[PDB]
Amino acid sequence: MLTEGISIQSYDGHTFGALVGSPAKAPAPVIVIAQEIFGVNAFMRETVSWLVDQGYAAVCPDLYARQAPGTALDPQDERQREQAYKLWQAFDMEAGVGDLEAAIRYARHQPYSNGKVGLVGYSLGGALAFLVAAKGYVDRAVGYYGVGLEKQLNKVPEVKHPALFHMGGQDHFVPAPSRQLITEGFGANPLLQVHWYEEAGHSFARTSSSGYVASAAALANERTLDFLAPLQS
């Protein structure tokens, strides 16, 4: 689902939609939410709702719009999961970061904005949150279980604003040696935080996942909220 009429123009002229939630009371900081591999779907709407309840506005851009506008896949449906994986494999990460940059600029100057912008991303969006943190586009970035973070550690010294990452200890994407590389690499830059949740794997913060873990979700989420709170007026 997207908010009808919302259109955001990217660097290269590509335009895309977004799901927007205006804040309960304005002005407010705006959080750009970077999707999982399933487009802008129920978990994205739930996350917009949550952040609005917590005193934010939120913008969730349609990052698959370069491939197919309006993708919103049910992660419990096998055939739709297959299409999600195909879209993820074809996904242009750099163009993703560019679209997020354009969403962040949009978020800065909406009527309801206090001018501060955060980013929270999950899975694919967690990977994108690290790349965005290296570019420095946002005031604060948060990633949940990005894939391949161990391959991006050359970017650690580029990070100039705070970023927070929540990783599942049982995430099959992240074997022990990768966790060690990430831990050591991140430790070099105190603007980065990474927490490991020993009893949780991928997708642990999404209730509809077979990998949902309520205790890990709740602790990660309260950490995210405490980390974003300084953006609030």
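Counting begins at 1, following the sequence as shown.
Asker: Averaging C-alpha B-factors over each stretch, which comes out higher, 80-88 or 154-162?
Answerer: Between 80-88 and 154-162, it is 154-162.
Asker: Out of 179-187 and 39-47, which stretch has the higher average CA B-factor listed in the record?
Answerer: The entry gives the higher C-alpha B-factor average to 179-187.
Asker: By the CA temperature factor listed in this entry, which of these ranks top: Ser10, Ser209, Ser215, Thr224?
Answerer: That would be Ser10.
Asker: Per the entry, which of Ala129, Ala95, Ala107, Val147 tops the list for Cα B factor?
Answerer: Most elevated C-alpha B-factor of the set, per the entry: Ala107.
Asker: In terms of the CA temperature factor given in the entry, to which third of its chain does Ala28 belong: lowest, middle or highest?
Answerer: It belongs to the highest third of the chain when residues are ordered by C-alpha B-factor.
Asker: For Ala141, return the chain-relative third of its C-alpha B-factor as stated in the PDB record: lowest, middle or highest.
Answerer: As the PDB entry reports it, the C-alpha B-factor of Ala141 lands in the lowest third of its chain.
Asker: Looking at the C-alpha B-factor of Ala68, is it in the lowest, middle or highest third of its chain?
Answerer: Its C-alpha B-factor belongs to the highest third of this chain's values.
Asker: By its CA B factor, does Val120 count among the lowest, middle or highest third of the modelled residues in the chain?
Answerer: Its C-alpha B-factor, which the entry lists for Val120, ranks in the lowest third among residues of this chain.
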